[PDB]
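Residue numbers (the numbering used here), protein chains in the order written: chain A, 16 to 214; chain B, 16 to 214.
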């Protein structure tokens, strides 16, 4: 049969960082395949408070060991993201970059794969990164704003305050992420979102 | 390197059925992976006339030879869909079911795969189906309305007026699609959308 995934009803539950939710899809399987609902406006708008504004949809394909992140968008205008792994498996990480937040400088990892097919929603001011666990992995992202190079920034994914437990011994970083500021450096230059503003 | 896909700017071009467009993504590749924009609200709203309303997002995984379709939603309220193949390859088919349309009872097939990573947008009253070409294939769909069992209907994918050239000798149909009405039967019972209404 190959691996046959678990049947499920949709659920939306908060993670440990305010403004971040994990979505369990509505999923069924039969001998011809698998079908799932991974976003539903009525379920989402009730839980989060408003429908997701679709401004852009993206895909990324990454090889095993690639660590990408921690990326965020300035607030204002902010950007929210709804992320899922459509092929393979990733260790997905959200980072609270909102100065003043109770969970500022905390992170949380979620396994996003093509078996459970969970999604993560992250609100404005939240940073995002991931590590491909599978030999290659494909993420699909729905974003509430379009790409603007003036507002997209990042912090170093090997930052020592975060000390993220990436599931690879040899993280493959792009020049952009290798050269990114430490969290404290970004903070010290006034580059991070403020929790009051994101609220 | 594995297969390295073509770099591209986004394009939206009309197919042969009014209300149906093919989207070429903005895509880049480097040694760590592939990144693409497969929906962009400014590009889309300019071409189609309005931003895509995100009501539901779905995924389907199908084995080779599975033919699914031809499905549509009653108008009103209608439903528009934005479809792409995120893994594998499918022969994707749109069918003009709008009585009175110049292209009523015509179809058009597009290869949606994980190499070119094109998307198809189909407006209200347009039917949709596909055949998995790869051993398994994963489609991702963004829809402007949520699932309502009262409004989702179909016609037989082996209908003789359409005579769709499915790239399999042995189409695997679900009981639902095996039992679906012929196009002329649906028409004769008043079950099809009207072009004036969709307009």
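Every residue gets a Cβ at the ideal spot worked out from N, C-alpha and C, and that includes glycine.
CB contact below 8 Å: residue i versus chain B
i             : result
residue 52/A  : yes
residue 193/A : no
residue 56/A  : yes
residue 76/A  : yes
residue 198/A : no
residue 31/A  : no
residue 127/A : no
residue 69/A  : yes
residue 81/A  : yes
residue 65/A  : no
residue 101/A : yes
Range covered by the alpha helix (DSSP H) that runs through residue i
i             : result
residue 223/B : Outside the shown range of chain B, which is 16 to 214, sits residue 223/B, and nothing can be said about it.
residue 43/B  : Looking at the DSSP string, residue 43/B is not in any alpha helix (DSSP H); the run it does join, the beta strand (DSSP E), is 41-45.
residue 208/A : Looking at the DSSP string, residue 208/A is not in any alpha helix (DSSP H), and its letter there is neither H nor E.
residue 193/A : 190-193
Sub-8 Å separation of residue i and residue j beta-carbons
i             : j             : result
residue 113/A : residue 46/A  : no
residue 145/B : residue 105/B : yes
residue 155/A : residue 129/A : no
residue 173/A : residue 69/A  : no
residue 90/A  : residue 143/A : no
residue 162/A : residue 63/A  : no
residue 170/B : residue 195/B : yes
residue 147/B : residue 98/B  : no
residue 40/B  : residue 23/B  : yes
residue 192/B : residue 79/B  : no
residue 211/A : residue 124/A : no
is_contact[residue i, chain A] using C-beta, thresh 8 Å
i             : result
residue 153/B : yes
residue 189/B : yes
residue 161/B : yes
residue 72/B  : yes
residue 133/B : no
residue 49/B  : yes
Enclosing beta strand (DSSP E) for residue i [first to last residue]
i             : result
residue 125/A : 122-128
residue 71/B  : 71-78
residue 84/B  : 82-88
residue 29/A  : 26-29
Distance, residue j Cα to residue i Cα
i             : j             : result
residue 185/A : residue 60/B  : 43 Å
residue 199/B : residue 20/A  : 38 Å
residue 27/B  : residue 117/A : 45 Å
residue 177/A : residue 122/A : 7 Å
residue 65/A  : residue 139/B : 25 Å
residue 71/B  : residue 166/B : 15 Å
residue 94/A  : residue 159/A : 6 Å
residue 164/A : residue 96/B  : 29 Å
residue 152/A : residue 127/A : 10 Å
residue 187/B : residue 55/A  : 29 Å
residue 57/B  : residue 25/B  : 11 Å
residue 86/B  : residue 48/B  : 35 Å
residue 43/B  : residue 103/B : 19 Å
residue 183/A : residue 35/B  : 44 Å
residue 168/A : residue 141/A : 11 Å
residue 53/A  : residue 190/B : 25 Å
residue 38/B  : residue 76/A  : 19 Å
residue 206/B : residue 132/A : 35 Å
residue 201/A : residue 74/A  : 27 Å
residue 32/B  : residue 120/B : 10 Å
residue 18/B  : residue 134/B : 20 Å
residue 213/B : residue 92/B  : 9 Å
residue 29/B  : residue 111/B : 14 Å
residue 150/A : residue 88/B  : 39 Å
residue 197/A : residue 179/A : 13 Å
residue 107/A : residue 67/B  : 27 Å
residue 175/A : residue 181/A : 13 Å
Contiguous beta strand (DSSP E) assignments of at least 3 residues, all confined to the stretch 97-178 of chain A:
104-111, 122-128, 134-137, 141-147, 151-158 and 167-169
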